[PDB]
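Quick setup: one chain, the form deposited in one PDB entry, written in structure tokens, and binding and motion questions come after.
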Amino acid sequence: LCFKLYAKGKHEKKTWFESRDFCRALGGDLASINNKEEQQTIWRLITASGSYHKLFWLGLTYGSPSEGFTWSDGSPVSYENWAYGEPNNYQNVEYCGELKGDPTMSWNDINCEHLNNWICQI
């Protein structure tokens, strides 16, 4: 799959659901990061665009209480890169996952209604 970054204007950021709908409208989905190679590919896209110090939606969304986090594309949640202390369901309202687009490429759970940049796979 081909990853593409979407880091548009300050008033063009989207909720997790809006971002998923955007990627699905293209025939793809929000990006799943399934191994270190895919993580590197996305980091290099960040460096190439100069889109530094931004937060991006990934396809991380909570499933049932039993399952915990899932990928919207159905990929197994095997590789994980949560920041230390995450996921933490801070204030009990965090059911989607974002990428911190810095060299750590770490993940954080955050409120799904937050307006973020996003990454599609197509």
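We number the residues from 1 along the sequence you see. Note that the rigid core is defined as the largest set of C-alphas that superpose within 1.5 Å between two forms. Only residues modelled in both forms are compared.
There is another form of this protein, the form deposited in another entry, and it is not shown here; the text below is about that form.
Enquirer: Looking at 34, 81, 41, 49, which has a Cα shift of 2 angstroms or more between this form and the one not shown when the rigid core is held fixed?
Expert: Residue with a C-alpha shift of 2 Å or more: 81.
Enquirer: With a C-alpha distance change of 3 Å or more, do residue 17 and residue 92 lie closer or farther in that other deposited form?
Expert: Pair moves closer in that other deposited form.
Enquirer: Looking in that other deposited form, decide if the C-alpha atoms of residue 76 and residue 55 are closer or farther than in the form shown; they differ by 3 Å or more.
Expert: Here the pair is closer than in that other deposited form; there, farther apart.
Enquirer: Listed by sequence position, which runs of three or more consecutive residues have C-alpha shifts of 2 Å or more between this form and the one not shown, the rigid core held fixed?
Expert: Residues 68-94 form the single run that moves by 2 Å or more between this form and the one not shown.
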